[PDB]
Amino acid sequence: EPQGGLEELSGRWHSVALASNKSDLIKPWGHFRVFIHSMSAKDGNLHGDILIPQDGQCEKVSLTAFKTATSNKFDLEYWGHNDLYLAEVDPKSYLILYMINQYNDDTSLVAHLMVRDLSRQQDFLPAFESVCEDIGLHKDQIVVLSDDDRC
């Protein structure tokens, strides 16, 4: 159903790059080194299936980004509480989000770039660098992913 535009984010996506102030969150074995499979908008929430690399196999997990009164802002409960923000989106090609993670009085920032088509994996790296700079992360805090990293 139409949901103010959110429905166009549904379907298959592919993770291209991660960034964080805390490198251990996104480097090998990190809590936020997880990849998108697909999303579906329902009731104004974003429901997603993610893939968690287990070094060999991968596990598929379902999560709900709960809508809030602020648009583009969602609650996501995963390794603590996350305030999730949709930063820059073209539903036909790419999506950039970032999260403020809260885990036992510690906070971290994590950003994520996904695309519809991996042939476009270079095209939005500059856009991702720019969003990262806007939220206070530097280019050396970005991890670019490849087929060898993904599930």
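A.B. asks: Summarise helix α1 (residues 125-134); cite the residues concerned and give the values.
C.D. replies: Within the sequence span of α1, burial applies to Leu125, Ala127, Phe128, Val131 and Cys132. Angular distribution of buried residues about the axis of α1 spans 155 degrees; they occupy a single face of the element. The outward face of α1, more than 90 degrees from its buried face, is lined by the exposed residues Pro126, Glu133 and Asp134. Next to the buried residues of α1 lie β2 (14-20), β7 (81-90), β8 (94-103), β9 (106-115) and β10 (142-144).

A.B. asks: Describe empty space enclosed by the protein, listing the residues and the values that go with them.
C.D. replies: In this model, the largest cavity occupies a volume close to 330 Å³. Lining the largest cavity we find 21 residues, and of these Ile36, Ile50, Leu76, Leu84 and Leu97 sit closest to its centre. Counting residues per element, the ones that place at least two in the lining of the largest cavity are β3 (35-42), β4 (45-53), β5 (58-67), β7, β8 and β9. Here the lining of the largest cavity is composed, by residue class, of 17 nonpolar, 4 polar and no charged.

A.B. asks: I'd like a description of the pairing of β5, backed by residues and values.
C.D. replies: Walk down a regular strand and you will see the side chains alternate between the two sheet faces. The pairing of β4 with β5 spans 8 bridges and is classified as antiparallel. If you follow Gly48 over to β5, its bridge partner there is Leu63. Strand direction decides the pairing type here: β5 and strand β6 (residues 73-77), joined by 2 bridges, are antiparallel. When the bridges of β6 are listed, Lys67 appears paired with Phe74. Hairpin connection between β5 and β6: a loop of 5 residues separates the two successive antiparallel strands, and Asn72 in this loop has a positive phi of roughly 65 degrees.

A.B. asks: Explain the sheet that holds β3 to me, and be specific about the residues and the numbers.
C.D. replies: Across the sheet, which stays open at both edges, the 10 strands sit in the order β1-β3-β4-β5-β6-β7-β8-β9-β2-β10 with antiparallel pairing between neighbours. The open sheet terminates on both sides in strands that have one partner only, identified here as β1 (11-12) and β10. Where β2 and β9 come together, 6 bridges link them in antiparallel fashion. Bridge assignment links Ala19 to a residue of β9, and that residue is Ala111. Contacts from α1 reach β2, β7, β8, β9 and β10 within the one sheet, and its direction differs from that of β2 by about 30 degrees.

A.B. asks: Kindly report on the side chain of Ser108, identifying the contributing residues and their values.
C.D. replies: Take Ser108: it is sitting in strand β9. In this structure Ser108 comes out as buried when scored by relative accessible area, which is 11%.

A.B. asks: Now, about the UniProt feature "disulfide bond" in the protein: what can you tell me, with residues and values included?
C.D. replies: The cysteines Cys58 and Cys151 that UniProt joins by a disulfide are bonded here; their SG atoms are 2.0 Å apart. You can see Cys58 sitting in strand β5 and its partner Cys151 sitting in the segment after β10, a full 93 residues away along the chain. Given a relative accessible area of 35%, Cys58 falls into the partly exposed group. Overall, the relative accessible area of 48% leaves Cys151 in the partly exposed class.

Rules of the game
- Residues numbered from 1 in each chain as written, not as in the entry; some residues may be left out.
- Heavy atoms only, no water.
- Residues with missing side-chain atoms left out of burial classes, pairs and counts.
- Buried < 20%, exposed > 50% of the residue type's maximum accessible area, 1.4 Å probe, protein only.
- Helix = DSSP H or I, 4+ residues; strand = E, 2+ residues; numbered from the N terminus.
- Arc of directions from axis to C-beta.
- Contact = heavy atoms within 4.5 Å.
- 1 Å grid on protein atoms, 1.4 Å probe; cavity = no way out; pocket = protein on both sides within 12 Å on 5 of 7 lines; lining within 4 Å.
- Points joined across faces, edges and corners; volume = space filled by probe spheres on them.
- Nonpolar A, V, L, I, M, F, W, Y, C, P; charged D, E, K, R; others polar.
- Pairing = 2+ DSSP bridges.
- Axes fitted to C-alpha atoms, helices over the stretch in contact; angles between N-to-C directions.
- Disulfide = S-S within 2.5 Å.
- UniProt positions renumbered as here; feature names shortened; annotations may be inferred.

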